[PDB]
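Architecture and fold: a report
The residues making up each chain are set out below.
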There are 2 protein chains.
Amino acid sequence: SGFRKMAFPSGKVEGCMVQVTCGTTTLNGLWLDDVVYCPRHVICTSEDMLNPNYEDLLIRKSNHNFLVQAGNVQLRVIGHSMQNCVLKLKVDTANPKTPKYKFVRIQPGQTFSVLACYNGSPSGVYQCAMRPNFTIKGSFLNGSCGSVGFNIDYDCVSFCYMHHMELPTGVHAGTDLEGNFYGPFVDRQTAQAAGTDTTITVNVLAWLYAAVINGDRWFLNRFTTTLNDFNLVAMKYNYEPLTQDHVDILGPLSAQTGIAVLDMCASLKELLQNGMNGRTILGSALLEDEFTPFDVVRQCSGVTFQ
Amino acid sequence: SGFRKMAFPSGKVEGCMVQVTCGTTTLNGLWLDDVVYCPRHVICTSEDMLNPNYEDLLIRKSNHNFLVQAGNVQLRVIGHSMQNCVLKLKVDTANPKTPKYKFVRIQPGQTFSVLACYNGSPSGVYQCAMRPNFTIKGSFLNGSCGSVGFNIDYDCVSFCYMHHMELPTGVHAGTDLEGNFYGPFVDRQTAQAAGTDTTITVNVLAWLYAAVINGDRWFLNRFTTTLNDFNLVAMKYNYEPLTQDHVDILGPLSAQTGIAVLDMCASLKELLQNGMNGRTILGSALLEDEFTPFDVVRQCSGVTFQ
C-alpha cells in the first residue's frame, strides 16, 4: 500500500560514474567498457560557451589534456572523438563494473531515474519524465553535467539521458547517449526557450487509477464520456489528446479496478472543470502526470530487479 | 537549480539485501558482517499474527528452519536470537560487501531513504520522514518487510528503519535495527491507530527557503511576526510549535537568502490563513514538510558521497 515517486536502484550506475576535467572545467562522465562518455562542452572555457565552434576547439586538444578520474584512480586516454554533442574518450582500462546495458532514445511522457553527480561522485537519485516539450524538471547544481538518466529492465540498464544544460525557466535539457538533444536545444549559452508545457493525460489517468487502488475514491462520479468529448476538454487545459493506444495501455489498470477508462476520463474532466476544492489525491492538491501506466503497475504488482 | 525529493544512492545497501524464509513466509533481511537482521514475524503463520507469543514460537525453531538466500546462493545459519522485534541470524559467511555502517535511532521530523525490496531483490528507492506520530508514508507491498531506511554520512551508512507493518490508514510502522518500534506499535495484527499527524513546521520553512533560492518568491510579504504570535497560529493547524533551535538550524538558509526566519514565518502564517489561491510553490499546491534544513542545504550546496 501507498504510492511514491520511486527511482530504480542506482547501484549498477554508481560503478560507472567518473570525473572528467579539461583545464578549469570539471564534470561527470559515464565509464562503460573502455569508453568514457561526457558532454563535449567540457572543452569550453567560460568565454567559449557564448558561440563555441566545437570542431575548432577540439583541434587544440590531445588525449593527454583529458583528466579522467575513477574514484581516486586516474585513467589513461588512448583516443578521443566527438559524436554530436558527446565526447567519447577511449581509455586503456575496461570498467570491471560495466553492467549489462543499452542506449535508448526515450519518447516524451516516458519516465526514468537520474543519478545526480558532482566530480564523478553520486549525490542522490530521483524519478523524472521527458515532458512533451522535451525538457525535464530535475535538480542539477553546477558540475551536475554528464549525470545520466536510466531505466532497469530485469538485469539490463537502459541509459536514455545525459544532462547538459538549464533553460531560463530553471528546467533542464540534455541528450541521449549518442549525443542528440531531446528537443531543439543546442549546447551554447544563448536565449533558448521551451515550447508550451502540455500535460501527459495518459499518466494523469494512471495516477487516478493508482489513487483508487490505494483507497482514495472521492473523485469517482456517476458519469462516463467519449474520447472526442474528453479531448474537447483536454485542448482547453493543454492536456495531450487521448487515443485508443492510451486506452489499451490503461486496460490492466481498468481491468484490476473494474473501472472503464472512459468513466475515469469523466472523473478527470470534472477535476479539470471544478478543480479539487482543497481535497487531495495521494497527498497531492494537483494532478500528477509523471507516472506512466508501467510505473503504476510495477508499484501495485511489486516487481524486483537482480 | 530545481528541487526534488531525492534519495541517497542505494548501491552500498543493495549489496546487503537477502531473502529470509520460514515455512511459507518470505521477507527481506539485512546482511552485515556474519549477521542477518529481519523482522521476527517471519516465524509467524497467517494464523499466529492475531496474538503471537514470539518466545514460544521461536522455541519450535532451529537454525536449519531459516532459509537465508543472497542472490542465488544459500547462506548457512549457525546461530539465531531475538532482540526486541528483530531476529539476528548468525551465518558463517561474512558479507564481503558490508559497507562501513552504524545503527541510529532517528528523531521524528528527520528524513531517510528507503530501499523497498521483494524476495531480497531491490525494487526502488525513495525519501521518507519519520512523522511526529512515528509513522511513515511509504510504498510497501506484500513481502516488502525487512526493507530498510538509511542515511549516508560521507562513506558511512546509518541504518535507522526496518519495515514491519501497515496501519488501517495505509501508513507504515517499523523498528530501528535494534528492533524497538518507533511509536507505540506492536508486531501483532490488531486494531492499532496513529495519533494526530502534526506538520513539521521547521521543514515547511526549509522548503519555503528552497523555493526562494529557486526563484519562486510570490508568497513573500511585507510582514514579520514573533515566535509566540506564529505558534498561536501553528496550534490551530496542527503544526509543531517552533523554538529557537529551529531558528538557529535555519540560520544558514536565512543567511544565504538574507531573509530573517520570522519574516518567513509571517509568509507561512499568511499561507495557513489564506491558503494558496491555486498558486504553486516548487510545483506543489500544498505545504511540503518532508525536507529538513539539512536536506535543503545539501541540494542547494551540492555535496557528494564516496
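As shown above, the structure is provided for reference.
Residues numbered from 1 in each chain as written, not as in the entry; some residues may be left out. Chains lettered and ligands numbered in written order. Part of a larger assembly, values for the part shown. Heavy atoms only, no water.

With that settled, the discussion passes to the environment of A:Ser46. Residues and elements named next belong to chain A. Counting through the fold element by element, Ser-46 comes out in the loop between β3 (35-39) and α2 (54-59). Taking relative accessible area as the criterion, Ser-46 reaches 63% and is therefore assigned exposed. For the pair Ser-46 and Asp-187, spaced 141 residues apart in sequence, the C-alpha separation works out to 13 Å. (Helix = DSSP H or I, 4+ residues; strand = E, 2+ residues; numbered from the N terminus. Buried < 20%, exposed > 50% of the residue type's maximum accessible area, 1.4 Å probe, protein only.)

Attention now goes to the packing of helix α3 (residues 201-213) of chain B against helix α6 (residues 261-274) of chain B. Residue and element names in this part refer to chain B. Contact geometry for α3 and α6: axes closest at 10 Å, N-to-C directions at 100°. Regarding the angle of α3 to α6, the classification is roughly perpendicular. Counting all contacts with α3, which are made through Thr-201, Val-204, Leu-205, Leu-208, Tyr-209 and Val-212, the residues of α6 involved are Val-261, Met-264, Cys-265, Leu-268 and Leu-271. Here the residues of the contact of α3 with α6 sort into 10 nonpolar, one polar and no charged. (Axes fitted to C-alpha atoms, helices over the stretch in contact; angles between N-to-C directions. Parallel < 35°, antiparallel > 145°, perpendicular 65-115°, else oblique. Contact = heavy atoms within 4.5 Å. Nonpolar A, V, L, I, M, F, W, Y, C, P; charged D, E, K, R; others polar.)

For the rest of this paragraph, the subject is the relation of the copies chain B and chain A. With an RMSD of 0.0 Å, the fit of chain B onto chain A corresponds to turning through 180° and sliding 0.0 Å along the axis. Taken together, the rotation and translation relating the two chain copies correspond to the operation of a two-fold axis. No C-alpha of chain B approaches the rotation axis more nearly than that of B:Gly11, which lies at 1.8 Å. Residue by residue, 100% of the interface of chain B is reproduced at the interface of chain A, so both copies engage with the same surface. (Least-squares fit on C-alpha atoms.)

Here we take up unusual backbone geometry. Excluding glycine, a negative phi dihedral is what most residues carry, and trans is how most peptide bonds are arranged. Its identity is not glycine, yet A:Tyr154 carries a phi of approximately 45°, on the positive side. As for its placement among the helices and strands, A:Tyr154 is situated in the loop between β11 (148-153) and β12 (156-166). Of the residues examined, A:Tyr154 reaches a relative accessible area of 49% and is grouped as partly exposed. Backbone geometry at B:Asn238 places phi at a positive 55°, although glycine is not the residue there. Relative to the helices and strands, B:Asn238 is located in the loop between α4 (227-237) and α5 (244-257).

Turning our eyes to something else, we now look at the sheet that holds strand β1 (residues 17-22) of chain A. Residue and element names in this part refer to chain A. The sheet built from seven strands is open, its strands ordered β5-β4-β1-β2-β3-β7-β6 with antiparallel pairing. Edge strands, defined here as strands with exactly one partner in the open sheet, are β5 (73-75) and β6 (77-83). Averaged over all pairs of adjacent strands, the angle between their axes in this sheet comes to 30°, without regard to strand direction. (Pairing = 2+ DSSP bridges.)

Residues and elements named next belong to chain B. For α5, spanning 14 residues, the distance from its first C-alpha to its last is 19 Å, which sits close to the expected 20 Å at 1.5 Å a residue. Among the residues of α5, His-246, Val-247, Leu-250, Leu-253 and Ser-254 are the ones counted as buried. For α5, the secondary structure elements touched by its buried residues are α3, α6 and α7 (293-299). You can read the cap of α5 off the contacts: a side-chain oxygen lies 3.4 Å from the backbone nitrogen of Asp-245, and it is on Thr-243. With its phi angle positive at about 65°, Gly-258 sits one or two positions after the end of α5. (Expected span 1.5 Å × (residues − 1). Polar contact = N/O pair within 3.5 Å; in protein donor to acceptor, adjacent residues only side chain to side chain.)

We now examine the pattern of salt bridges. Applying the stated rule across the entire model yields 22 salt bridges over all chains. A salt bridge links A:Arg131 to A:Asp289; its shortest N-O distance comes to 2.5 Å. Of this pair, A:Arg131 sits in the loop between β10 (121-129) and β11 while A:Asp289 sits in the loop between α6 (261-274) and α7 (293-299), and the two are 158 residues apart along the sequence. Judged by its relative accessible area of 4%, A:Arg131 falls in the buried class. Looking at A:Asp289, the relative accessible area reads 9%, which means it is buried. Here B:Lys137 ties to B:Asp197 by a salt bridge, and the two come within 2.6 Å at their closest N and O atoms. With B:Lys137 in the loop between β10 (121-129) and β11 (148-153) and B:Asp197 in the loop between β13 (172-175) and α3, this pair connects stretches of sequence that are 60 residues apart. Look at B:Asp197 and you get partly exposed, because its relative accessible area is 30%. (Salt bridge = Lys/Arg side-chain N within 4 Å of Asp/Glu carboxyl O.)

Attention now goes to the interface of chain B and chain A. In this complex, chain B contributes 42 residues to the contact, which on the side of chain A involves 42 residues. Note on chain B versus chain A: buried area summed over both sides is about 3,200 Å², and carbon and sulfur give 51% of it. Taken as a group, B:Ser1, B:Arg4 and B:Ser123 account for 21% of the area that chain B buries against chain A, more than any other trio of residues on that side. Applying the counting rule to chain B against chain A returns zero salt bridges. Applying the counting criterion to the chain B and chain A interface returns 27 residue pairs in polar contact. Its residues assigned to classes, the side of chain B that touches chain A shows 17 nonpolar, 18 polar and seven charged. (Buried area = accessible area lost by both parts, 1.4 Å probe.)

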